[PDB]
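Okay, here we've got a single chain as structure tokens, the form deposited without the partner chain, with questions on binding and movement later.
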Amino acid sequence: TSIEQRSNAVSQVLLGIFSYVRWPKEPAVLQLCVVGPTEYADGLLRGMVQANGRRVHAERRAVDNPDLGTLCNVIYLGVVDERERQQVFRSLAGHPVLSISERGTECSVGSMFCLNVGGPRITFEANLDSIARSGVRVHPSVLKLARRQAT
């Protein structure tokens, strides 16, 4: 599976996940921030559209932007260090933000979902603590998407 192939797939898995999530004040345009170095975010940085027609606007922002929490609805988190990671999740505390990381190491440190972009399919894990404190509602059937992503 090539990088273009995986990036495209990451896009559709992210749409999949978004469809199980609700924000307390649903915006007309869903804002996505890509934070830190990423390999697979070029597809989602094109912008996306959800099944109901709501647009997902994407852009990159710096790790140390203190207003990440009010600047977006969704965070796609790349490869950052301990300090940077702390920085980011302290910015998000108390705000209704969905967090997904590109690598599956981050479910232990604050990300709600962590992708494993490797093998034949994009799979992901989730973290209940981070989900519970996130300020958004995640429907538990989101794990249907994950389960089906093996085989």
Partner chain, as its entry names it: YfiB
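Numbering follows the first chain given and starts at 1.
Just so it is clear, the following notes concern the form solved in complex with the partner chain, a form of the same protein that is not shown.
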Quiz item: Would residue 29 sit within 4.5 Å of the partner chain in the entry with it bound, counting heavy atoms only?
Solution: no
Quiz item: Might residue 9 be said to contact the partner chain in the entry with it bound, defining contact as any heavy atom within 4.5 Å?
Solution: no
Exercise. Verify the contact flag for residue 44: yes if a non-hydrogen atom of it lies within 4.5 Å of a non-hydrogen atom of the partner chain in the entry with it bound, no if not.
Key: no
Quiz item: Is there a heavy atom of residue 50 no more than 4.5 Å from a heavy atom of the partner chain in the entry with it bound?
Solution: yes
